[PDB]
Amino acid sequence: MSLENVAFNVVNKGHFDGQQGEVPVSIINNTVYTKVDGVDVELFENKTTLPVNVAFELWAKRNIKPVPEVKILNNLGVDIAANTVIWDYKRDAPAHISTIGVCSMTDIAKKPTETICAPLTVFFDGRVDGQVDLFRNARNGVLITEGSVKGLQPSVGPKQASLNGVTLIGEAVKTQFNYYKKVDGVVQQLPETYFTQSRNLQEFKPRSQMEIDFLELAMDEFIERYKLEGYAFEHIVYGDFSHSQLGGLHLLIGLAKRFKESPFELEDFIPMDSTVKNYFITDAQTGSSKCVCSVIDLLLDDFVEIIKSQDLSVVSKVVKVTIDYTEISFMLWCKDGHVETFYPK
Amino acid sequence: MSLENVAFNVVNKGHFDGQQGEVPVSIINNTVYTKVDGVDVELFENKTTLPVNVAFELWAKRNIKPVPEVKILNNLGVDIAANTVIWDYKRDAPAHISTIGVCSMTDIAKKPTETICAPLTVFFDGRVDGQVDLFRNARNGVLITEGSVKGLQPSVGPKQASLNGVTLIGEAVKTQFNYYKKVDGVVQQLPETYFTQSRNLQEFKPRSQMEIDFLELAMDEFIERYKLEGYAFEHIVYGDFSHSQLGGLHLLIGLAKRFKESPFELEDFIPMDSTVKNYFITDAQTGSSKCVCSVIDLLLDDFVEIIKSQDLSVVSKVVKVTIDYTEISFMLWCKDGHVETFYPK
Amino acid sequence: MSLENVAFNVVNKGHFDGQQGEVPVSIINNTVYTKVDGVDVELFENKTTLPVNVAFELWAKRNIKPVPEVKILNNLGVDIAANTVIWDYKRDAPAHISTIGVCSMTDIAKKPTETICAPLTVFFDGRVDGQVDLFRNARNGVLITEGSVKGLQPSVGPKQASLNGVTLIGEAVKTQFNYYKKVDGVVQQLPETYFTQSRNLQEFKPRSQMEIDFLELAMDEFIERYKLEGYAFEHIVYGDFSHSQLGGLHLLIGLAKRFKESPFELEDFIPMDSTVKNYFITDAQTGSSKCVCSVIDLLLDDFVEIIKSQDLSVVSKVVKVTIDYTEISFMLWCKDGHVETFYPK
Amino acid sequence: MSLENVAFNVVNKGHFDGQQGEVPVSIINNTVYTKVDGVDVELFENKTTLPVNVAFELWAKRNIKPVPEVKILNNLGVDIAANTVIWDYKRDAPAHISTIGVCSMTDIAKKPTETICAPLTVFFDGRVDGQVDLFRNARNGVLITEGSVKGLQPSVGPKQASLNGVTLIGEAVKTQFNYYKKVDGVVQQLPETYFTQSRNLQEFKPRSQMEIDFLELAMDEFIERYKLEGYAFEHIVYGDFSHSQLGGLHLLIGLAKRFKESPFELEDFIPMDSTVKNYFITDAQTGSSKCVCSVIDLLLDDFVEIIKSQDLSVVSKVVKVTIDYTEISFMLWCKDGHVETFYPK
Amino acid sequence: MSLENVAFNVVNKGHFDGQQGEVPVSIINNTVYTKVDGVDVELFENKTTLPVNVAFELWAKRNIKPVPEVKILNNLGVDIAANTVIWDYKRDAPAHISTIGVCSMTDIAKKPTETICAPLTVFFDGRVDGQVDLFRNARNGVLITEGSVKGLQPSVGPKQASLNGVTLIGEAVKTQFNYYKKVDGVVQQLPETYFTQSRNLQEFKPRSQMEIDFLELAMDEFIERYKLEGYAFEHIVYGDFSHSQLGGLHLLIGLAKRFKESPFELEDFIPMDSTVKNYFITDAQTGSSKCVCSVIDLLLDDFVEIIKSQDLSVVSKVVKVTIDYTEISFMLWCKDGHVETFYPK
Ligand SMILES: O=c1ccn([C@@H]2O[C@H](COP(=O)(O)O)[C@@H](O)[C@H]2O)c(=O)[nH]1
Ligand SMILES: O=c1ccn([C@@H]2O[C@H](COP(=O)(O)O)[C@@H](O)[C@H]2O)c(=O)[nH]1
Ligand SMILES: O=c1ccn([C@@H]2O[C@H](COP(=O)(O)O)[C@@H](O)[C@H]2O)c(=O)[nH]1
Ligand SMILES: O=c1ccn([C@@H]2O[C@H](COP(=O)(O)O)[C@@H](O)[C@H]2O)c(=O)[nH]1
Ligand SMILES: O=c1ccn([C@@H]2O[C@H](COP(=O)(O)O)[C@@H](O)[C@H]2O)c(=O)[nH]1
């Protein structure tokens, strides 16, 4: 292993591919350059808190197959990955602080069977040879596979996965994984869970007829068709832009509908991958704004199921919803048997 | 006050909100990070010339209500703000070098009544309690209010204001201010003035029928309808792209019309907020370019009034137009009683 | 806890003392400044690989009582300290990567009784209340005390200790500790050991009559008086400067004698605290030099005991000597029953 | 003015001398280089908080004649210098944040007669032509001269001054100045004052017979000869190294006597020029140490006068002594009519 | 070749030694670290203008045998070295900008026989096999050897050379070289030359009886013994400290004599190796100072020969003296047949 060999692979293979060779490398400030035909070409700018030459090596060795989105791994308590780097593209940094068998500066072990790895919840990838059996022996672990594992009940994960920073539902490649988890040598039954949909504002695409209806129909028409009167969708989902403080607007599909008609600014003041996102939102059309607007991307059909499964008889309470394998707390406010607002915290 | 408490407020409230608490903070190079669930998340990248921890505190304490655009405050001679930070989003830096009662590293005073503040033109905000009366006592000051001030004649400011970096005409919030100014204890009569419209190229929206006509009609049709023959609109407003040096094109609406049909590059080589902007422009379609193209965004109706109020009998002269409370100099070139060009300097 | 409060303590108490207060702080590049009467004064320059604000906090909280030299702790396998920072003054950095109950960015636990601390060999300091009993309960640990511990046999440590970076034999303060060690809940019997003396070239002071004799007597006289003929002291201790490659010179006292008569340069190319030190040495008088000259500071009486306890009948072999609780390997070369050279590796 | 012209003067004249010319300059990180015969030579490393090219210009234009030590100017309330830079060699930075007529980035005025300079206490140097008369007209100012000023009573300053960072009593050049001060146009009578002597530990030289006696005589002999029994010189001046906490040792001459016999470490944790200095002291011989040891360098004859002019009848009190034109507070502790300790704060 | 292999050699061999291996390396800012037993140890701090990883490689590959001082190579017009790095310890940087066969980022050729090397004056080292014959074939070159070269007349170089930054007259190693030079394929006759002695102030040691006499005798006694009256040694060599501007003092031995009696400060404002050095000198005893004091270190016997070989009949003139193979210009000032001053420029 060598910095110059890593650069050679990046230049010739697009990432670290284990090829032999070296190229000349310059490091100046926080950027790595290589000399290409007499001129310097930037290969990598370190945006991490690691040393530039270390971040470069971890970046070059990132996993380039579809992998679980980082929010899923965090929610499952994954501490470290077995013999790979999960690159966190939202943070432009490794998803995990340490490595196993990846890099001499960051390795805590060469193999996940060493004792130092035993207390950590290690992520194992059943697509790599041998890792399923390592999971059967590991004390703490999470395993994904594309198919069945003998003697283990799977929990079916989300349909989408991350490929080189692109979140997608795979058609030429499988992105739908079974999930398994062990704690202290004991296989866990992962809970029934909803999954977030991981869409974004500018390219929001509906994924069900109900979501199509939400984008196509007027507000009162949609709530009428699906008999959603009294659940405060006008506030919660569509948003209330009538006052200086922006009311509601907590579901991504609701932001998408407003955005497609009228633009607004979202300051992502904690920029990481998480099931619930908090934005400093400023509506450009009205001047309505809100410092902390919590936003979750559930499939609209799923959100309706959740809200229709709540008792509306109490002024305020916390509602727990298992999402992405974690319990998300929602604030439910009601008045006279109707929803006033309902937002994730 | 404390760096870690500022970070706590940013993480939990989107900005500094006076809440008690602390979170762990890392500073590496010119970026501030906080540790969130075992990983570092970037909270702020310093693009200012202040120390990173100082810029972070001023940024977190920026004013998040609608405030006058920085170009107005500069034109009014404002030196410093009373108990707030005006963040200059065009420069990504504070609009003013010093503060009053904001930050221990940058404070020159805790209250604007101290003698050190007397010679400075201090900006007071009548929406904050007590500040109107501070203005009545201050030696040098500018005061904005949303309504009347007893015994003071107001100057009506622009319709738009800046909210979290978004320039807008408020509908749910008031952005139209009265302006007052004192110099050496004496209230000034602010001059009659036009106002720039603060629009941008990509999202340019007409704001009058004349501007609608400009975008909808052909060049000769528009000049004919409003009887503008001989005022060189073909050159000044529409632009002349026939030669290697780009001719004219000095009004934003004229750039907008060309841009909507044909893209071009504008290098903003002095990136700050100012009434007149200078761009290094390169027309992609023709290759016509100009190193310094001065561009002003007046409402088209206002620009027509201005140019029709000039004598066209002289080869060249400087025309003074009060705009944004400042005197803008225009170059007027005429030949045989017609305009040849007319551009701001 | 807060950066500004740490700076307040540094300015007012010389280190972190738990006092309430704050001062204004600036961070620019890798240096921390505070404003003192209108000007900036540097408080700390980060020479560590930690973030500047983190290194500053660990530095301010360094232990300022006599503590074991870092080489002893390393040799004893200490991984982390209980509720203190051992500052490594040779590296100008913390001696240990993590902390317990010191600093939010670096803490792995608030108390050493947490499970995450169990596999680490934690250093406990019996001078601090409660820590002896924590040692009795800890799974892995090293404990120093100034006196007896009930039911535990002590190993008497070196006479000297480090106080604010000053290695000294205490007269007004106790620097002589008893040592105890536990591995997996079992108290260890620490081995019989020599100790290095931790002296330096420029201020080398003899500590026994034999060392006095070495500095005072001529080479042949000293070897004769203590009947050291055939042990190659002429080479090993005095040094051989007759060839382009410097021969021998492996004991600090031998460097001291040459240095007091004739100066030379020692490049400390791995600058850390360790029992054996390696120097790139250049003799200024002769031009004799050697890239790797291993140097150990044993009391001369101790080194004579060691070398007189070796068999000299073999051409070459590795000799193991327990020093500072670790086994130091020496290379022993002999010819015709006499030493040729003998140096630590 | 130009960066490259400044570098030309530095290379050819040792400082800025107003010569015409330019040399090639490179700025990389915080260091300025120039190319000299094909290689880069470092000219200046910025240790200030100013921009590297700005600090370089102020450094090159530093005053290279004898000037008052910075501690005197600070004590006199000087805010800024007229047409010069006082370089603060203890901080390796300008003594004053702003300049007058020195540097375009830092100038607040070109001449001290401008209104912006009126509220500042401006330092004027009577050796420069015209500055005495500027002082007669300035509202706030301090003036030094080498001789009489018509109609103004002088206060005789210290014998020593700073020349290129060297504090000296001039023999070939005059370092003894008259001082004058104006506040709001009114000449002040500067108070009777002692002066500190500005000596250092390693090169401490006695400057009176009493100081000679202190270094030459034994402790009891000296106190006896000058009849100083009961004034706790044994504690205050000689120092008490018998306990873990170092007792007393508050006069530089007392540190000098110990240091000449036995070395110790002084951590200067607030590194600036000031009348009273605070050190984190560790005595190497005994291990006695103290986190905050306040140290003042008075001429011993002066300190005896001060302490013999105090009432010793009270347990504890604050004693005010005018020194370097400022009031220094001393803590006086007495028991049964004798001094227990007496130290500056 | 590889960064990590270079670090391995540095850690294990003190410099680059061609050994196989790798160690983990971190680069942060301008410093290279390696992890040694769980902690980071600084290996190299870049003070050059090259990229940190490039400077590190050139530093590790520096020549560690005695080599000509850089001032000699510069004076001989050497542009580049054949298959080695001459490290310039005065500048802490490579003596030459480019390399031949050393480092991929800096190499301009792998062998000096390539056409790109033909116009450069390449330094060849006859101690390395094959390089003498390369010199016979090179178009432009300088060759040093320890002995005779067939068919070439040598010029005997200085007695001293640089070994790892230590300038010395070798006793165990040869530092006295023959010099040869070729320009456009033609061997040059190097001129008769004096050599500077390369001594320093603090450790100045006389090297002849005349120099011994200078240090031992009083000023008038020495000038009398060697009949030097009228050559202004009182001014030129001893220095004149009677006025605010320091007079004379242009020979290092003269600085040494003053320094041994009385200290002064020398600011080396162009820090590089050169035959003539310019210092900003401040005399601590008198306050006499001079911004540009040119200082040359000739053996006193040599300087007397030079000055006694000048005509003293003219007010002022430039005197050319071949020194270190270059022509040094001296200013000679005379009055009434005696020297007034005589200093190098
Ligand atoms: O985690 C949070 C906290 C607040 N809010 C929004 O901020 C306001 C909180 O009001 P209050 O409960 O502080 O009165 C509401 O508009 C709510 O939608 C969120 O979206 N998420
Ligand atoms: O402040 C300026 C200066 C120049 N120009 C443009 O640059 C050219 C100036 O020509 P001249 O007056 O230098 O000949 C014209 O095309 C004019 O529109 C501007 O827009 N603004
Ligand atoms: O760890 C080491 C390795 C080598 N040397 C010195 O370097 C030389 C090693 O020679 P060799 O055994 O490589 O032939 C000897 O002078 C020896 O003293 C040391 O001091 N320490
Ligand atoms: O400004 C200060 C404060 C304390 N000390 C020293 O620190 C100790 C203060 O003790 P106490 O008054 O806090 O008990 C004494 O040894 C005293 O000499 C100083 O020198 N200067
Ligand atoms: O290259 C130089 C230039 C000047 N000086 C010194 O500076 C002064 C130059 O005076 P002047 O010839 O500028 O009058 C003299 O003291 C002279 O010794 C040098 O040493 N070297």
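**A closer look at the overall build of chain A**
A count of helical and extended segments in chain A gives nine helices and 21 strands. In chain A, 49% of the contacts between residues at least 6 apart in sequence involve partners at least 24 apart.

**Observations regarding the sheet that holds strand 3 (residues 39-45) of chain D**
Residue and element names in this part refer to chain D. The strand order 1-2-3 describes an open sheet built from three strands, whose pairing is antiparallel. Of all the strands in the sheet, the pair left with one neighbour each is strand 1 (25-28) and strand 3. Strand-to-strand twist across the sheet, computed as the mean angle between neighbouring axes with direction ignored, equals 35 degrees. Two strands pair when backbone bridges link them, and strand 1 and strand 2 (residues 31-36) are joined in this way by four bridges, in the antiparallel orientation. Bridging across to strand 2, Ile27 finds its partner in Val32. Packed onto the sheet, helix 1 (residues 3-13) meets strand 1, strand 2 and strand 3 and runs at close to 105 degrees relative to strand 1. Against the sheet, helix 2 (residues 52-60) contacts strand 1, strand 2 and strand 3, and its axis sits at roughly 75 degrees relative to strand 3.

**Section: the interface of chain E and chain D**
The interface is formed by 26 residues belonging to chain E together with 26 residues belonging to chain D. Those elements giving two or more residues to the side of chain E that touches chain D turn out to be strand 17 (277-283) and strand 18 (289-295) of chain E. Within the side of chain E that touches chain D, the residues separate by chemical class into ten nonpolar, twelve polar and four charged.

**Focus: the interface of chain A and chain B**
Contact residues are listed per partner, giving 25 residues for chain A and 26 residues for chain B. Residue assignment for the side of chain A that touches chain B shows that the elements contributing at least two residues are strand 17 (277-283) and strand 18 (289-295) of chain A.

**Things to note about unusual backbone geometry**
The backbone of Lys227 of chain D sits at a positive phi, close to 55 degrees, despite the residue not being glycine. Tracing the chain through its elements places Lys227 of chain D in the loop between helix 6 (219-225) and helix 7 (233-236).

**Let's talk about the packing of helix 1 (residues 3-13) of chain B against helix 2 (residues 52-60) of chain B**
Residues and elements named next belong to chain B. Running from N to C, helix 1 and helix 2 cross one another at 40 degrees; their axes reach a closest spacing of 10 Å. Considered as vectors, helix 1 and helix 2 are oriented oblique to each other. As helix 1 packs across helix 2, the resulting crossing turns out to be left-handed. Contact residues: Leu3, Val6, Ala7 and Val10 in helix 1; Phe56, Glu57, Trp59 and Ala60 in helix 2. Residue composition of the contact of helix 1 with helix 2, by class: seven nonpolar, no polar and one charged.

**Concerning the site of ligand 1**
Residue and element names in this part refer to chain A. Surrounding ligand 1, one finds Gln245, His250, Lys290, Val292, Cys293, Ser294 and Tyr343. A distance of 2.8 Å is found between an oxygen atom of ligand 1 and a side-chain nitrogen or oxygen belonging to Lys290. Within the contact set of ligand 1, a nitrogen atom lies 2.7 Å away from a side-chain nitrogen or oxygen of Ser294. Looking at the shell around ligand 1 element by element, the count peaks at four residues for strand 18.

**Notes on the site of ligand 4**
All names here are of chain D. Ligand 4 sits among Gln245, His250, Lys290, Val292, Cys293, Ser294 and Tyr343. Between ligand 4 and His250 there is a distance of 3.1 Å, counted from an oxygen atom to a side-chain nitrogen or oxygen. Protein coverage of the free-state accessible area of ligand 4, which is 470 Å², stands at 54%. Sort the elements by how many residues they give to the shell around ligand 4 and strand 18 (residues 289-295) lands first, with four residues. Grouping the amino acids of the shell around ligand 4 by side-chain chemistry returns three nonpolar, three polar and one charged.

**Describing helix 2 of chain B**
Helix 2 of chain B sits mainly inside the fold: nine of its nine residues count as buried. Those residues of helix 2 of chain B that sit buried are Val52, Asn53, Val54, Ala55, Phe56, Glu57, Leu58, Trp59 and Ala60 of chain B.

**Some details on the nonpolar core**
Within the largest apolar cluster, 61 residues are counted, with the highest numbers of intra-cluster contacts made by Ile27 and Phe56 of chain B together with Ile27 and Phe56 of chain C. Not counting chain neighbours up to four residues away, the residues in contact with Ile27 of chain B comprise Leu3, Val32, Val52 and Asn53 of chain B together with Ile27, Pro51, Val52 and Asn53 of chain C. Judged by nonpolar contacts, the second largest core, of 51 residues, contains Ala7 and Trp59 of chain A together with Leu43 and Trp59 of chain E.

**Points about the environment of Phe177 of chain D**
All names here are of chain D. Residue position: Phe177 is located in the loop between strand 13 (166-169) and strand 14 (178-183). The class for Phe177 is buried, based on a relative accessible area of 1%. Residues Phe177 and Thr145, 32 residues apart in the sequence, show an inter-C-alpha distance of 5.6 Å. In this structure, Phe177 is in contact with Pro66, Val67, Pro68, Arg127, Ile144, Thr145, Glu146, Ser155, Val156, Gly157, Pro158 and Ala161, ignoring residues within four places of it in sequence.

**Side note on the side chain of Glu57 of chain B**
Looking at the secondary structure, you find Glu57 of chain B in helix 2. We classify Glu57 of chain B as buried; its relative accessible area is 12%.

**Examining the relation of the copies chain A and chain B**
The two chain copies are connected by a rotation around an axis plus a translation along it. In screw terms, the move from chain A to chain B is a rotation of 120 degrees and a rise of 0.1 Å along the axis, fitting with an RMSD of 0.0 Å. Expressed as an axis order, the relation between the two copies is that of a three-fold axis. Identified as the residue of chain A closest to the rotation axis by C-alpha distance is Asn29 of chain A, at 5.7 Å.

**Considering the environment of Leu215 of chain B**
By secondary structure assignment, the location of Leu215 of chain B is in helix 5 (residues 209-216). Contact partners of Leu215 of chain B, with chain neighbours within four places excluded, come to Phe204, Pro206 and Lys257 of chain B.

**Section: the pattern of salt bridges**
Inspection of every chain in the model, using the stated rule, returns 50 salt bridges over all chains. Across the pair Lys277 of chain D and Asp268 of chain D runs a salt bridge, and its minimum N-O distance is 2.9 Å. A relative accessible area of 12% means that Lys277 of chain D is categorised as buried. For the salt bridge of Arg199 of chain E with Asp297 of chain E, the shortest nitrogen-to-oxygen distance reads 2.7 Å. Taken together, the positions of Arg199 of chain E in the loop between strand 15 (186-188) and helix 5 (209-216) and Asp297 of chain E in the loop between strand 18 and helix 9 (300-307) put the pair 98 residues apart, joining distant regions of the chain. With a relative accessible area of 11%, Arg199 of chain E lands in the buried category. Each member of the salt-bridge network shares a partner with another, and the members are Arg199, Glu211 and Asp297 of chain A.

**A look at a negative patch on the surface**
Taken together, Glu42, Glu45 and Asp92 of chain C, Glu42, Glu45 and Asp92 of chain D together with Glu42, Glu45 and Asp92 of chain E make up a surface patch of like negative charges. Mapped onto the negative patch, the elements with two or more residues apiece are strand 3 (39-45) of chain C, strand 3 of chain D together with strand 3 (39-45) of chain E. Topologically, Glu42 of chain D is positioned in strand 3.

**Things to note about the domain arrangement of chain A**
Splitting chain A by domain gives domain 1 (1-64), domain 2 (65-190) and domain 3 (191-345). Between domain 1 of chain A and domain 3 of chain A, the C-alpha centre-to-centre distance is 42 Å.

**Some thoughts on the sheet that holds strand 20 (residues 326-335) of chain D**
Residues and elements named next belong to chain D. Across the sheet, three strands lie side by side as 19-20-21; this open sheet has antiparallel pairing. Looking at strand neighbours, the two that pair on one side only are strand 19 (316-323) and strand 21 (338-344), the edges of this open sheet. Along the sheet, successive strands turn relative to each other by an average axial angle of 30 degrees, direction set aside. Bridge count between strand 19 and strand 20: eight bridges; the pairing is antiparallel. Bridge assignment links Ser316 to a residue of strand 20, and that residue is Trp333.

**Considerations on a nonpolar patch on the surface**
A cluster of nonpolar side chains, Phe269, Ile270, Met272, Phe280 and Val292 of chain B, forms an exposed patch at the surface whose accessible area comes to about 440 Å². Among the structural elements, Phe280 of chain B can be located in strand 17 (residues 277-283).

**As for the side chain of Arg199 of chain B**
Residue and element names in this part refer to chain B. There is a polar contact of 2.6 Å between the side chain of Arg199 and the side chain of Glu211. Engagement of the side chain of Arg199 in a polar contact is seen with the side chain of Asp297, the distance being 2.7 Å. The contact partners of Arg199, leaving out residues within four places of it in the chain, are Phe204, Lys205, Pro206, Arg207, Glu211, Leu252, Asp297, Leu298 and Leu299.

Scoring rules and cut-offs
- Residues numbered from 1 in each chain as written, not as in the entry; some residues may be left out.
- Chains lettered and ligands numbered in written order.
- Part of a larger assembly, values for the part shown.
- Heavy atoms only, no water.
- Residues with missing side-chain atoms left out of burial classes, pairs and counts.
- Helix = DSSP H or I, 4+ residues; strand = E, 2+ residues; numbered from the N terminus.
- Contact = heavy atoms within 4.5 Å.
- Pairing = 2+ DSSP bridges.
- Axes fitted to C-alpha atoms, helices over the stretch in contact; angles between N-to-C directions.
- Nonpolar A, V, L, I, M, F, W, Y, C, P; charged D, E, K, R; others polar.
- Parallel < 35°, antiparallel > 145°, perpendicular 65-115°, else oblique.
- Left-handed = near helix turned anticlockwise from the far one by under 90°.
- Near = heavy atom within 4 Å.
- Polar contact = N/O pair within 3.5 Å; in protein donor to acceptor, adjacent residues only side chain to side chain.
- Areas by Shrake-Rupley, 256 points an atom, 1.4 Å probe, with all protein chains shown as cover.
- Buried < 20%, exposed > 50% of the residue type's maximum accessible area, 1.4 Å probe, protein only.
- Core = buried A, V, L, I, M, F, W, Y, C linked by side-chain atoms within 4.5 Å.
- Least-squares fit on C-alpha atoms.
- Salt bridge = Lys/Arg side-chain N within 4 Å of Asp/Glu carboxyl O.
- Patch = residues over 30% accessible without salt bridge, like charges linked within 9 Å, V, L, I, M, F, W, Y side chains within 5 Å.
- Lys, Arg positive; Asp, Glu negative; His and termini not counted.
- Charge placed at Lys NZ, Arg CZ, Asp CG, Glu CD.
- Domains from an automatic or database assignment.

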